[PDB]
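Worksheet for the structure shown next.
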Amino acid sequence: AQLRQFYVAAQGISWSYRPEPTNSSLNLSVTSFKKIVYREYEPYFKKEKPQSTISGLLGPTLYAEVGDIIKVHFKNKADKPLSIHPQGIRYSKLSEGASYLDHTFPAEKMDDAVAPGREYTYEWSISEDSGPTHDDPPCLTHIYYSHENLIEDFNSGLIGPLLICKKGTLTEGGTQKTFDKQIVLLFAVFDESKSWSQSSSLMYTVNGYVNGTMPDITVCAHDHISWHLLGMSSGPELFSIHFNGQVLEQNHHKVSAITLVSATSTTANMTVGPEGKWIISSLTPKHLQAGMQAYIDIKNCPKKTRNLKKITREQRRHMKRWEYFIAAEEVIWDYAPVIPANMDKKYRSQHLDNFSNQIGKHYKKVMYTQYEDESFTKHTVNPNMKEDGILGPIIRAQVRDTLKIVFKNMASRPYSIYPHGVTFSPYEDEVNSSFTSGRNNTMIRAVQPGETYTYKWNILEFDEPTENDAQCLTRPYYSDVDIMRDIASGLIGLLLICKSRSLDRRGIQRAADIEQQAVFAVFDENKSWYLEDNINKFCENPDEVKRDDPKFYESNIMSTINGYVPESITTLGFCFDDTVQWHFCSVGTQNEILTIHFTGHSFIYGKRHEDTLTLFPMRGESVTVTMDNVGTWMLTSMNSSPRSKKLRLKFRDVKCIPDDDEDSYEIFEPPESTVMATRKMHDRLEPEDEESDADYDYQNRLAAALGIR
Amino acid sequence: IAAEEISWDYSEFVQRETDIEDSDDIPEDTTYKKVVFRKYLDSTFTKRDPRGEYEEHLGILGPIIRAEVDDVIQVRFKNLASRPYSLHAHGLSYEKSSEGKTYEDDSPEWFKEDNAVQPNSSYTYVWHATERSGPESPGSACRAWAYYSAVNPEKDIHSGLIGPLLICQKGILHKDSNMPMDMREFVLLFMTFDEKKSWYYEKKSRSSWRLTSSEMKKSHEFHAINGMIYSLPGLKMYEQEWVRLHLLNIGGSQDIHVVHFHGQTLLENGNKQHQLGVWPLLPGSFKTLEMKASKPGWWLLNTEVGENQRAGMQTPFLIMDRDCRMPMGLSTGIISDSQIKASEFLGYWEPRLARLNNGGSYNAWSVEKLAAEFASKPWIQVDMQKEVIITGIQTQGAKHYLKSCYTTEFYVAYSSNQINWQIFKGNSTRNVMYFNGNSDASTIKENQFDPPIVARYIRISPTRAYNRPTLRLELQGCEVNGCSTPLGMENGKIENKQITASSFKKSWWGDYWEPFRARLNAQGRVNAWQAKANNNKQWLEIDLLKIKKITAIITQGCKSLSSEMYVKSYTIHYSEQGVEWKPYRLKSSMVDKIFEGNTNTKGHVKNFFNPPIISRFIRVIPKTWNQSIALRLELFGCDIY
Amino acid sequence: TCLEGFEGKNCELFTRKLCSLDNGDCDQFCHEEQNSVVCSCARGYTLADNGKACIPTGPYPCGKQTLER
Amino acid sequence: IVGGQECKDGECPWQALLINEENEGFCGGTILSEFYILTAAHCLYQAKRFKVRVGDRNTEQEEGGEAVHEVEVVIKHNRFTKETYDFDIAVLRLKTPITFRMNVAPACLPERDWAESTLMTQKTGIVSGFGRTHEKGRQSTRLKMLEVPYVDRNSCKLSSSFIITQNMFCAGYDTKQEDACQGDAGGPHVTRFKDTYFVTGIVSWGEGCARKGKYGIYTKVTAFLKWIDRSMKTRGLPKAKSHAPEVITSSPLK
C-alpha cells in the first residue's frame, strides 16, 4: 500500500557514445547524434535528476514492492505522443500505454495522447500474486516501454527498468537489508540506422558506450552486493555475459553466467571476497565490431567480518602433491582422427598429409593435456586418452586440490590457462586480468615458449557450488591471453567444480559414475592463430593459392567432437544403474542459443523427464542423466542443411537383462552371476567399509556440513 | 488419418475474421498447393470426423489425436494423390514398428513401409501410447508432443504435414466420448510455411521466382499463425481462469519469442514457488503453463517482436462476463423475438405467445399447421442481427388438463453469413449428433452449453413431441466487454444506505407504506418506491461508492394489489467524487439527456449507452408519470480501474 | 453380426497380434510367438473356457489369499 | 490411511521366528519350502544361538501345537558385509521336516525374470515381522505387518550414509513417519505379484535403527538365484531327510 510515485519526462539529448567530459575531442568527435531517452524529474517536473554514470541512455530505474500503488506521473517532451507500457496486472486499457486497434471505446487511448509538453499521471498498482517469497530472489524486475514503434522506442533510448520486489527485507530504492549495494545492469544495441533519424550508424553501443568505454563498476570488499540482470536488445540478439572470479547466486544458485534474450526478469546477489581487479567478460562473438568490455574494481573498506573459514571444518583436507602438468606442445593433430573410421576423405586426402599438395602433415595445433610427472613429453600414455582427443581430459577439483598448473609453453606464441570462474592468488595470474600493482600482488600470465610458470592456488571449501544442483559443475577452461582466436586453435577443455564429496585424495564421487560429454565447436583456420601454417608457409603449391574460393572456405568450417570432425570413435550405449553426469557444450562464433533434438531418447533434469535440451556458450551445461533404453535410433537436429543433415549419431543401447554384462562387452557389472569368491559390489573391509569420510581411524569430531554454517 | 491434397490458403486475413482494413489485395495467390489431414472414424473413406467447436486450433493442420493409458485409436491411412506419404511420431522410445523414419532398419516392408504408401491402397498402422508424457510432480497434468512426415526433414514441415500429439495423465477423465478433459486447454503451433521449399513445388511461382519472389521477400514463406494469418479464434474466456496453454515449436529453430500478456501476471505450477511473470520459448521442447486472467477486455496477445507481429500475429483475446445471467427477452418488454424467421410451424397456436405459465390453452409457437412432423426441416432461424453468446437455453412444454406434451429431442444449428447454413452445433464439445430436451410439463428443463458459442444466425429445429409439437425456448445471452455486471441493485449486495427513497407514506388510522424496497421482484406490501406526492420533484438517489461505467438499464414498476402505476420519463443526474446534482450531459451535442421511464405496465425498458457514466452519486428525478410514481430502478455498471 | 477379422463398436479394429504390454489381458506369462500369443498357467492351476484367467483348483498351492474372514 | 495393521491368522505363514534357547528372540525368517529359510546373516553372526519355530504368531503366548521347526547349525554368506549391509541373506538349516499346514504355507521359487516386471508394477508391499529390527520401545506382542510403498532408486543411496548397491533399494514411505526397521530382521517383504507370492526383501539394520523416516532397506532375491541354486543342488539329495539340508557346506555359501 506504499505510494511509489515517480516523475519521468522523456527528452532529446545529444548524448555522445563515449563519456568525454573534456572538451578536447569534441572538434574531432567520432560520435555526435541525438537520443530521445527517459529522464526522471522532481515533482511538478522542475529540475532533471543527475542520473548515475552507468545509465548513459537508460531511463530511471523504477522500484516497487508487492501490494503497493504506483501513481507514476509522465510528461512527454519529445515530438510524438509516447506512452508507458509496463508489465503489471492491475492497470486497465484506459491506462495501459498501448496504442493499437483495441476494438473498444476510443476514450481508452487517453494514456497514449501525451503530447510533447503535456502532463499525464498513470494510476497503476500491483497485486499480491507478484511476490515469490520462496527460493526466488526477493525482487522481480520488469521492463516498461512505449508501444508506439519498437524500432524507435528503443534505439533512441526509450528504455527503463521497473522493479517489483518483496515487502519486508527491502529498503527505499531497491536495496535489500543484508545487502548494502544495488547493481543495475543494461546491455542493449542502439541501432541508429533504424530509428527516427535515419543515419547510417550500425554500431553496437552497450548503453551508449563503444570500445569498452562503459563506466566501470566499483565497490570495496567486506560488504554485500546485489545484482539486477537486465538488458533488452533490438530483438533476437543476446549477450554472453560472465562474472570472472566473483561468483553470483542467481535464483539462490551459485552461478557465474547468464545469457537470455529480451531482458528476462531476473535479479541476483552475492558476497564479495578479497580485493582485486576482476573482469566482466562481455564476450559476444556476433557483437564485437564496435566494442563492449567491462571489469570489476574491488577495493577494501573494513566494515564487517563474516565467519568464513578458509579450510574445511576439521575433517576434510587431502593435502596431496598432485600438480597438473600442462605443456603447450605442437604434436601432429588434424581435423580427421588418427585413421578415420567413416573415411573422412574431405580432410584425409586433402589436408591431412601431402595429398592434393595443399598444407601438409606437420601441423602446429596446440592442445591442453595433462601429464603424470615432470617430463613435458608424455602423459599417462604416449598419444592421447582417445575419449577427449584435442579436448582437455578429465580434471577434478576438491579441497586443497593444489591446482598448480605447471604451464610451460613450447610452440610459437605465448599461451596460458584460465578456468571458468575461479578465484586465484595475488601472486599467480591464470586469468585475463589487468591488475598490475606491486611486486607482492602482481599477476602475469604471459608464458613465453620455453619458459615455465606454475599457477599455485589452493582450491578450498569456498570454491564449491550449492547443494541442490549436480555434484560437479561444468566450467570449460580456455586461454586467457587471447579471447576468440585461441578457442579455434584447440585450446579449450572442461573443469569439474564439484561439491563437498571429498572422500580421499581424489574425491570418491558418491552416487555417481563416469562422464560423457558432447562438444560441437564450429571454427575456421583463419580464426586460429596458426593461419600461416596452411597456405603460405606450410605450402607446396605457390602457383595455385587455395584462397578466394568457396571450396577452401568450407573445408575449414567444420564441427568437431572429441577432436574428431567427422564422427567419434565412442558410442552412447550405456546400461542400467548408470548414474553418470552428461555434459554439453557448443562454443564458436555464434551468440544465440543452440538446441538438439533426440528421437527415441530422453534425459532427466529439473525433477522431470524432458526430451530435448538447450545449452549455452561461454559457461558449461551439466545434467545427471540415467541412460535406460533398448534399441537404436537417430539423434538428428532440425535446422537448415549444414547442421541438420550430417549431425546424426549411430549407436545401439541394449540391456539384457540388467546392465548387459553376461555375454557382451561393457565397463559395468550388475553383477547378477555366479559369485563364489570376489566380484563387483563386494565392499567387505576388515576395519570399516564406508560412511561419510575418513578423517581418522573412526572420525571422532561430528560436524560434516556442506559449506559455511 | 488421411492426407488429401487440398490447396490451403495462408493469407486468410482476407476472410475478414477479426480484421479492420479492407484494402489488402494479395499480389500473388491466396491459396497454396499443400496437403491437409483428416480424421476418419472407420478404415474406409466416405466417413469424416466433423470438426467440432472445440476442434478449432488447426488451420492447415488436420486433427489432434487424444490417446492415453488403456486407450488406443487406430490411424489407418490411404494415399489419394501420386506421391508416397510418411508419418513419424516423437516423444517415447518407440521402436521402428511404430516409428516410420527413413533410415536404417531390420524388417523388410514394415519398419519403412509406412513411409512409402501406394496410391489407392490402405495400410495397417497404429501408434502406441506410453506414460512418459505425463508431467510428474504435483502441478501439471498434460504435456503435448509433435508428429509429422519423414520423407524429408524440411520439405514436409512446410507442406502442411504437421500434427501435435497432446498427451495428458491418467486419473481425471470426462464423459466427452471417454476423452480426458475436465478443463479448457489450448494448443498453438507457430511455424511459417513455404511453398518453394516443399515436395509439391510446381517448378514455378504464382508471380515471380527470380530473386526469391520479386514482389515480397519469401512471399510463399508467410508466417502463417495456426494455419491462417490474422485469425486466432476461440480466445473467448471469462474472468480468472487457470486454463492450460500448450506452446509447441519444432520447425522455428531460429525464431525466439517472449510472450508477454498486457496486464496478466504468471504463476508456475509444479514447484509452487515461482512467479516468473514472463515466459519465452525454446526450439524443440513443448512448453506448457497456465494463464490466470485478471481484468476483462480486448487484451492484445503479442510476443514483443517486430517481424512476427504486424506481419505475423496480432489478435487480442476477449474476456466476457462470468455472472451474466440477467434477463434478456423474457422479463423485459423491449427485447423480443419479433425478428424470428422459419419455414415450417407447429400447429395453430400463437407464435410469440410462449411465456412461462400463461393463461389460456393456446401458448406456444406456430403460424402454419404442422400436419406431419418428422426428420424433415422445421428450422427456426433465431436471428438477432448482432453478436450473440449463449451458455444455456431452457425448455418448457405445455398442458391444460393432464397431457404432458414435451419435445424429446431437437437439433440446433448456426450460421454467420446467412448465405451458408453451418449445421454443426449438434457436434460441439460433449454433443456429437444429439441434444438434450424437455422431460415433462410442470418441471422446467434447461440445456446448458459448455463451449462459448458465438454466431449471429442461430437456428433451432424440433423433431416430434407427445402427439403435439409445442416448444417455448427462452433467451439467455451474455455481455461482450465483460464488465457490465449487476452491482446488486436487485440482488441484495447494495443495501438501503446507498439506494434511498424519498417520502414514506403513512396512513392515520391504519398501516403505513414501506417504499424502500426499490428492487426487482419484491413481495410484502409494495414492490418498489412510491412517493407521497406526484409531480416532477421527487428523487431516487443511488450511492455508487466508486466510479462505474453504466451501459444497460432496466425498470419495471410496482403496484398496490389494485391499480398499476409507473413512470414514463425521468432524468439521470451524474456527478463525481464530490457532489454535483447535474443531469447527464448529451454527448451528441452539449445539452442534457431526456430519459424515458416505464413504457407499459410490467414491460421493462432496455437501452444501451456508449458514453460512460463516471459518477458516484447518481440521482434519478422522475419528470412525467402515470397515475402515481412507481419504478423498479436497476442499472448495470462496471469497475473502471 | 458383423464379419470376422474386424472388431470394435462398428467392427473397425483388427484382431490382436502380440501381447507385450498389459500382459495380454491374461493373468500369466505374456510371450509372443510371431503373431501368435497364448497364455497358460503351469502346475497348481488350470484354464477357463476362453483363457481370460486361470481357474483356481487347488486349495493352497504356492500363492493364494484367504478371504474366509 | 492404512496404518500398522497386524498380520492375519490365515494368509501370513512367512514368519519363522529365530529365537534362542532362553526367553529371548533376535530376528525372524521366511517360509518358502522345507529345506531353506531366507533371513539376514547378522541374525546368527555376531549374535547368539539359533532357535526357529514356524507358524508362531506370538512369542509370549502359544497357539497350541504349531511352533516347531528347530535348527541344528548354520553358516554365513560370501557377499555378506560384516560392517555394513549387502546381500544380507542367510539360509537356516532346519533339523526336522514340517508339512504344509494352515499357518505353514509354501511359496513358489523366484527367478531372474521377475526383476523387470515386479518393481515397475507392484509399487507397494508388506513387511511381515514380529518387530525385532527396532527392538527399542515398540516391541508389540502381536505379529504386525504394515504396508509400505516403493520409491525410485535415485532416492535410496542418500537415505543412509552407507552407499547402497542394486541388491537393496527403497521400500517405504517418504520422509514423513516411521517406515523403517519394521518387523523382525530377515523379515519377508513378499509382494503379491500375480496369482503367486514371491518374496523380494529382507529388512536389516544399517547403523542401527534411529529416526529413519526417510526410506527402508530391503534386498532383492531375484538376483539371489545363483546362490539358492548352488546351495540346493551341490549339497546332493537329503541324506537323513533335512539334517542339515545341508549345513555341511563352506562358509562363503559354496
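Within each chain, counting starts at residue 1; across the C-alpha cells, chains are named A, B, ... in the order shown, with ligands numbered 1 upward in that order.
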Next on the checklist: Can you tell me which residues surround stretch 619-629 of chain B at a distance of at most 10 Å, considering only C-alpha atoms, apart from same-chain residues fewer than 2 positions away, and format the answer as a ChimeraX atom specification?
Outcome noted: /B:499,528-543,557-559,563-575,580-584,594-601,616-617,631,633
Find the residues of chain C that sit at most 9 Å from chain B; for each, write down the nearest two atoms and how far apart they are in Å, to one decimal. Count only C-alpha atoms. Sort by chain, then by number going up, and give it as a tab-separated table.
residue	atom	partner	partner_atom	distance
C:10	CA	B:42	CA	8.3
C:11	CA	B:42	CA	8.9
C:12	CA	B:42	CA	6.1
C:13	CA	B:74	CA	7.0
C:22	CA	B:70	CA	8.6
Original post:
Which distance in Å separates atom CA of residue A:268 and atom CA of residue A:135, to one decimal?
Top reply: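 The value is 11.7 Å.
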* Asked: What lies within 9 Å of residue D:153 using only C-alpha atoms, ignoring chain neighbours under 3 positions off, as a PyMOL selection string?
  -> (chain A and resi 577) or (chain D and resi 156-157+166+169-170)
Just N, CA, C and O atoms for this one: save the residues we selected as a CSV table (one decimal), in the first residue's frame.
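The resulting out.csv:
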chain,number,residue,atom,x,y,z
A,577,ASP,N,21.6,-48.8,-14.1
A,577,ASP,CA,22.4,-48.4,-12.9
A,577,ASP,C,23.6,-47.5,-13.3
A,577,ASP,O,24.7,-47.7,-12.8
D,156,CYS,N,17.4,-43.7,-2.7
D,156,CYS,CA,17.8,-44.7,-1.7
D,156,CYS,C,19.2,-44.7,-1.3
D,156,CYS,O,19.5,-45.2,-0.2
D,157,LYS,N,20.1,-44.2,-2.1
D,157,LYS,CA,21.5,-44.1,-1.7
D,157,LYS,C,21.8,-43.0,-0.7
D,157,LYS,O,22.8,-43.1,0.0
D,166,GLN,N,22.7,-52.4,-5.9
D,166,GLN,CA,21.5,-52.7,-6.6
D,166,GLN,C,20.7,-53.7,-5.9
D,166,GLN,O,19.4,-53.8,-6.0
D,169,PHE,N,17.2,-51.6,-2.2
D,169,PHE,CA,16.6,-50.4,-2.7
D,169,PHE,C,15.6,-49.8,-1.7
D,169,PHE,O,15.5,-50.3,-0.6
D,170,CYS,N,14.8,-48.8,-2.2
D,170,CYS,CA,13.8,-48.2,-1.3
D,170,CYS,C,12.6,-49.2,-1.2
D,170,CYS,O,12.3,-49.9,-2.2
Q: Pull out every residue of chain B sitting within 8 Å of chain A, counting only C-alpha atoms, and send them as JSON, numbers by chain.
A: {"B": [90, 91, 92, 93, 94, 95, 132, 135, 136, 137, 153, 154, 250, 251, 253, 255, 256, 257, 258, 260, 261, 262, 263, 264, 265, 273, 274, 275, 276, 277, 278, 282, 283, 284, 285, 294, 295, 297, 298, 299, 300, 305, 306, 316, 640, 641]}
- Message: If I take atom CA of residue B:491 and atom CA of residue B:503, how far is one from the other in Å, to one decimal?
- Response: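 Result for atom CA of residue B:491 versus atom CA of residue B:503: 23.3 Å, one decimal.
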Open item on the list: Would you pick out the contacts of stretch 35-52 of chain C at 8 Å or less, using only C-alpha atoms, so that residues sharing its chain but fewer than 5 positions from it are not included, and give the list as a ChimeraX atom specification?
Closed with: /C:17-19,25-30,57-58,61
Go ahead and write the residues just picked, N, CA and C atoms, as a JSON list (two decimals), in the first residue's frame.
[["chain", "number", "residue", "atom", "x", "y", "z"],
["C", 17, "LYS", "N", -2.49, -58.86, -32.31],
["C", 17, "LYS", "CA", -1.36, -59.62, -32.84],
["C", 17, "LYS", "C", -0.44, -60.10, -31.73],
["C", 18, "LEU", "N", 0.11, -59.18, -30.95],
["C", 18, "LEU", "CA", 1.04, -59.51, -29.88],
["C", 18, "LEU", "C", 0.49, -59.02, -28.54],
["C", 19, "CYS", "N", 1.01, -59.59, -27.46],
["C", 19, "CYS", "CA", 0.62, -59.18, -26.11],
["C", 19, "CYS", "C", 1.54, -58.07, -25.61],
["C", 25, "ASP", "N", -3.88, -59.11, -21.39],
["C", 25, "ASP", "CA", -5.19, -59.31, -20.77],
["C", 25, "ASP", "C", -5.33, -60.73, -20.22],
["C", 26, "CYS", "N", -4.21, -61.34, -19.86],
["C", 26, "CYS", "CA", -4.20, -62.66, -19.25],
["C", 26, "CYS", "C", -3.34, -62.62, -18.00],
["C", 27, "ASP", "N", -3.72, -63.40, -16.99],
["C", 27, "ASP", "CA", -3.12, -63.33, -15.66],
["C", 27, "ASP", "C", -1.87, -64.19, -15.53],
["C", 28, "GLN", "N", -1.14, -64.43, -16.61],
["C", 28, "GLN", "CA", 0.10, -65.19, -16.52],
["C", 28, "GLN", "C", 1.16, -64.63, -17.47],
["C", 29, "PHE", "N", 2.04, -65.50, -17.96],
["C", 29, "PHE", "CA", 3.16, -65.05, -18.79],
["C", 29, "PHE", "C", 2.67, -64.61, -20.16],
["C", 30, "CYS", "N", 3.20, -63.48, -20.64],
["C", 30, "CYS", "CA", 2.93, -62.98, -21.98],
["C", 30, "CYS", "C", 4.21, -63.11, -22.79],
["C", 57, "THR", "N", -7.98, -74.25, -8.71],
["C", 57, "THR", "CA", -8.35, -75.64, -8.48],
["C", 57, "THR", "C", -7.88, -76.13, -7.11],
["C", 58, "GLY", "N", -6.58, -76.04, -6.83],
["C", 58, "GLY", "CA", -6.05, -76.47, -5.56],
["C", 58, "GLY", "C", -6.44, -75.54, -4.43],
["C", 61, "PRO", "N", -1.99, -73.78, -3.17],
["C", 61, "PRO", "CA", -0.76, -74.16, -3.86],
["C", 61, "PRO", "C", 0.46, -73.43, -3.32]]
- Message: Quick check for you: according to DSSP on this backbone, which residues of stretch 527-663 of chain A are classed as strand (DSSP E)? Reply as a PyMOL selection string.
- Response: chain A and resi 558-560+581-584+594-596+613-615+621-623
Writer output for current selection, N, CA and C atoms, as a PDB file, in the first residue's frame:
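Result file follows (part_25.pdb):
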ATOM      1  N   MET A 558      34.298 -26.530 -39.931  1.00  0.00           N
ATOM      2  CA  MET A 558      33.974 -27.895 -39.540  1.00  0.00           C
ATOM      3  C   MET A 558      33.531 -27.918 -38.085  1.00  0.00           C
ATOM      4  N   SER A 559      32.644 -28.855 -37.763  1.00  0.00           N
ATOM      5  CA  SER A 559      32.176 -29.069 -36.399  1.00  0.00           C
ATOM      6  C   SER A 559      32.862 -30.307 -35.839  1.00  0.00           C
ATOM      7  N   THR A 560      33.603 -30.134 -34.750  1.00  0.00           N
ATOM      8  CA  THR A 560      34.393 -31.204 -34.161  1.00  0.00           C
ATOM      9  C   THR A 560      33.769 -31.683 -32.856  1.00  0.00           C
ATOM     10  N   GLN A 581      26.887 -38.327 -15.424  1.00  0.00           N
ATOM     11  CA  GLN A 581      26.560 -36.906 -15.499  1.00  0.00           C
ATOM     12  C   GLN A 581      26.900 -36.411 -16.898  1.00  0.00           C
ATOM     13  N   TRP A 582      25.884 -36.280 -17.746  1.00  0.00           N
ATOM     14  CA  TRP A 582      26.090 -35.837 -19.119  1.00  0.00           C
ATOM     15  C   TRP A 582      26.408 -34.348 -19.154  1.00  0.00           C
ATOM     16  N   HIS A 583      27.384 -33.978 -19.978  1.00  0.00           N
ATOM     17  CA  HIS A 583      27.779 -32.590 -20.161  1.00  0.00           C
ATOM     18  C   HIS A 583      27.642 -32.209 -21.629  1.00  0.00           C
ATOM     19  N   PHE A 584      27.300 -30.945 -21.868  1.00  0.00           N
ATOM     20  CA  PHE A 584      27.083 -30.450 -23.219  1.00  0.00           C
ATOM     21  C   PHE A 584      27.708 -29.069 -23.359  1.00  0.00           C
ATOM     22  N   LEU A 594      21.568 -22.710 -28.843  1.00  0.00           N
ATOM     23  CA  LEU A 594      21.637 -23.857 -29.738  1.00  0.00           C
ATOM     24  C   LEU A 594      20.904 -25.028 -29.099  1.00  0.00           C
ATOM     25  N   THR A 595      20.148 -25.762 -29.908  1.00  0.00           N
ATOM     26  CA  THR A 595      19.366 -26.893 -29.438  1.00  0.00           C
ATOM     27  C   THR A 595      19.694 -28.135 -30.255  1.00  0.00           C
ATOM     28  N   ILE A 596      19.244 -29.283 -29.751  1.00  0.00           N
ATOM     29  CA  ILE A 596      19.440 -30.560 -30.427  1.00  0.00           C
ATOM     30  C   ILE A 596      18.281 -31.486 -30.080  1.00  0.00           C
ATOM     31  N   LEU A 613      17.052 -30.623 -24.940  1.00  0.00           N
ATOM     32  CA  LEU A 613      17.602 -29.604 -24.058  1.00  0.00           C
ATOM     33  C   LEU A 613      18.184 -28.472 -24.898  1.00  0.00           C
ATOM     34  N   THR A 614      18.656 -27.432 -24.214  1.00  0.00           N
ATOM     35  CA  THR A 614      19.251 -26.276 -24.875  1.00  0.00           C
ATOM     36  C   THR A 614      20.434 -25.802 -24.046  1.00  0.00           C
ATOM     37  N   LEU A 615      21.627 -25.865 -24.627  1.00  0.00           N
ATOM     38  CA  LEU A 615      22.840 -25.459 -23.937  1.00  0.00           C
ATOM     39  C   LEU A 615      23.092 -23.964 -24.131  1.00  0.00           C
ATOM     40  N   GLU A 621      27.146 -26.530 -19.498  1.00  0.00           N
ATOM     41  CA  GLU A 621      25.886 -27.095 -19.039  1.00  0.00           C
ATOM     42  C   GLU A 621      26.115 -28.519 -18.554  1.00  0.00           C
ATOM     43  N   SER A 622      25.596 -28.829 -17.368  1.00  0.00           N
ATOM     44  CA  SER A 622      25.743 -30.145 -16.766  1.00  0.00           C
ATOM     45  C   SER A 622      24.378 -30.682 -16.370  1.00  0.00           C
ATOM     46  N   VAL A 623      24.227 -32.001 -16.471  1.00  0.00           N
ATOM     47  CA  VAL A 623      22.968 -32.662 -16.140  1.00  0.00           C
ATOM     48  C   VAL A 623      23.259 -34.133 -15.868  1.00  0.00           C
TER      49      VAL A 623
END
For residue B:500, which residue out of B:515, B:611, B:378, B:63 is the nearest one, using only C-alpha atoms?
->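 Of B:515, B:611, B:378, B:63, the one nearest residue B:500 is B:515, counting only C-alpha atoms.
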Give as a compact mmCIF listing (two decimals) with N, CA and C atoms, in the first residue's frame every residue of chain D that touches chain A within 10 Å, counting only C-alpha atoms.
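Result saved to result_12.txt:
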# COMPACT_ATOMS: atom_id res chain seq x y z
N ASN D 78 28.82 -65.23 1.49
CA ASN D 78 30.03 -64.68 0.89
C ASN D 78 29.95 -63.16 0.78
N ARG D 79 28.89 -62.65 0.15
CA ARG D 79 28.75 -61.21 -0.06
C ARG D 79 28.26 -60.46 1.18
N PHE D 80 27.99 -61.16 2.28
CA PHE D 80 27.52 -60.50 3.49
C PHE D 80 28.63 -59.64 4.09
N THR D 81 28.42 -58.33 4.10
CA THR D 81 29.37 -57.40 4.68
C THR D 81 29.16 -57.35 6.19
N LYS D 82 30.23 -57.61 6.95
CA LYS D 82 30.11 -57.64 8.40
C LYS D 82 29.89 -56.24 8.97
N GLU D 83 30.50 -55.22 8.37
CA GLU D 83 30.39 -53.87 8.89
C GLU D 83 29.09 -53.20 8.44
N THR D 84 28.78 -53.29 7.14
CA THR D 84 27.60 -52.62 6.60
C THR D 84 26.49 -53.62 6.29
N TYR D 85 25.93 -53.54 5.09
CA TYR D 85 24.85 -54.43 4.68
C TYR D 85 24.85 -54.53 3.16
N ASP D 86 24.90 -55.77 2.66
CA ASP D 86 24.91 -56.01 1.22
C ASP D 86 24.69 -57.50 1.00
N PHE D 87 23.64 -57.85 0.25
CA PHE D 87 23.26 -59.24 0.02
C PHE D 87 23.09 -60.00 1.34
N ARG D 112 15.07 -64.98 -12.04
CA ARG D 112 15.65 -63.74 -12.52
C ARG D 112 14.72 -62.96 -13.43
N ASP D 113 13.71 -63.61 -14.01
CA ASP D 113 12.79 -62.93 -14.92
C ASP D 113 11.85 -61.98 -14.20
N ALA D 115 12.32 -59.59 -12.24
CA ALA D 115 13.04 -58.42 -11.75
C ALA D 115 12.68 -57.14 -12.49
N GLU D 116 12.21 -57.24 -13.73
CA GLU D 116 11.81 -56.08 -14.51
C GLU D 116 10.30 -55.93 -14.61
N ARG D 153 14.85 -45.47 -7.37
CA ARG D 153 16.19 -45.85 -6.92
C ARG D 153 17.07 -44.64 -6.62
N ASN D 154 16.78 -43.50 -7.25
CA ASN D 154 17.62 -42.32 -7.06
C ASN D 154 17.42 -41.67 -5.70
N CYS D 156 17.43 -43.71 -2.71
CA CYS D 156 17.77 -44.74 -1.74
C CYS D 156 19.23 -44.72 -1.29
N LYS D 157 20.15 -44.21 -2.11
CA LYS D 157 21.55 -44.11 -1.71
C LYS D 157 21.78 -43.02 -0.67
N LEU D 158 20.87 -42.05 -0.54
CA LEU D 158 21.01 -40.97 0.42
C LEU D 158 20.12 -41.15 1.64
N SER D 160 20.50 -43.49 3.81
CA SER D 160 21.51 -43.78 4.82
C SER D 160 22.87 -43.38 4.28
N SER D 161 23.79 -43.06 5.18
CA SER D 161 25.14 -42.66 4.80
C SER D 161 25.89 -43.73 4.03
N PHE D 162 25.55 -45.00 4.22
CA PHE D 162 26.18 -46.11 3.51
C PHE D 162 25.66 -46.13 2.08
N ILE D 163 26.58 -46.29 1.12
CA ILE D 163 26.19 -46.37 -0.28
C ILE D 163 25.58 -47.74 -0.55
N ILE D 164 24.33 -47.74 -1.01
CA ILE D 164 23.58 -48.97 -1.25
C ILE D 164 23.75 -49.37 -2.71
N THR D 165 23.88 -50.67 -2.95
CA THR D 165 24.09 -51.19 -4.29
C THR D 165 22.74 -51.49 -4.94
N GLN D 166 22.72 -52.37 -5.94
CA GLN D 166 21.48 -52.70 -6.64
C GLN D 166 20.66 -53.74 -5.88
N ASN D 167 21.31 -54.58 -5.08
CA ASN D 167 20.59 -55.66 -4.40
C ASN D 167 19.53 -55.12 -3.45
N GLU D 207 23.64 -49.08 10.49
CA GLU D 207 23.99 -48.14 11.56
C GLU D 207 22.96 -48.19 12.69
N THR D 222 15.66 -61.82 -6.51
CA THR D 222 15.65 -62.19 -7.92
C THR D 222 17.07 -62.34 -8.46
N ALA D 223 18.00 -61.52 -7.98
CA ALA D 223 19.41 -61.68 -8.32
C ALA D 223 20.09 -62.74 -7.47
N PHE D 224 19.45 -63.18 -6.39
CA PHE D 224 19.99 -64.19 -5.49
C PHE D 224 19.68 -65.61 -5.97
N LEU D 225 19.34 -65.78 -7.24
CA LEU D 225 19.01 -67.11 -7.75
C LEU D 225 20.24 -68.00 -7.84
N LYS D 226 21.39 -67.42 -8.18
CA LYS D 226 22.62 -68.19 -8.30
C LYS D 226 23.13 -68.71 -6.97
N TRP D 227 22.68 -68.14 -5.85
CA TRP D 227 23.09 -68.62 -4.53
C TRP D 227 22.14 -69.68 -3.99
N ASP D 229 20.51 -71.66 -5.85
CA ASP D 229 20.71 -72.80 -6.72
C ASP D 229 22.00 -73.56 -6.44
N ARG D 230 23.06 -72.86 -6.05
CA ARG D 230 24.33 -73.50 -5.72
C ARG D 230 24.31 -74.18 -4.36
N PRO D 252 31.53 -69.32 2.59
CA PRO D 252 31.01 -68.36 1.60
C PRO D 252 29.81 -68.88 0.81
N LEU D 253 29.00 -69.74 1.43
CA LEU D 253 27.79 -70.28 0.81
C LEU D 253 28.10 -70.95 -0.52
N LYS D 254 29.14 -71.78 -0.53
CA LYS D 254 29.59 -72.50 -1.72
C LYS D 254 29.86 -71.56 -2.89
List every residue of chain D that has an atom at most 12 Å from any atom of chain C, and for each one report the closest atom pair and its distance in Å to one decimal, counting only C-alpha atoms, with rows sorted by chain and then by increasing residue number, as a tab-separated table.
residue	atom	partner	partner_atom	distance
D:8	CA	C:66	CA	9.2
D:9	CA	C:66	CA	9.5
D:10	CA	C:66	CA	6.2
D:11	CA	C:66	CA	5.6
D:12	CA	C:66	CA	9.4
D:13	CA	C:63	CA	11.3
D:14	CA	C:63	CA	11.9
D:31	CA	C:62	CA	11.0
D:32	CA	C:62	CA	8.7
D:33	CA	C:62	CA	9.6
D:100	CA	C:60	CA	9.3
D:101	CA	C:60	CA	9.7
D:102	CA	C:60	CA	8.9
D:103	CA	C:60	CA	11.3
D:104	CA	C:60	CA	10.5
D:105	CA	C:62	CA	7.2
D:106	CA	C:62	CA	5.4
D:107	CA	C:62	CA	4.1
D:108	CA	C:62	CA	5.2
D:109	CA	C:62	CA	9.0
D:110	CA	C:62	CA	11.4
D:113	CA	C:29	CA	10.6
D:114	CA	C:29	CA	10.7
D:117	CA	C:23	CA	10.0
D:121	CA	C:22	CA	10.3
D:190	CA	C:63	CA	10.8
D:191	CA	C:63	CA	10.8
D:192	CA	C:63	CA	8.1
D:193	CA	C:63	CA	9.4
D:194	CA	C:27	CA	6.6
D:195	CA	C:63	CA	6.0
D:196	CA	C:63	CA	3.9
D:197	CA	C:63	CA	4.9
D:198	CA	C:63	CA	8.3
D:199	CA	C:63	CA	11.0
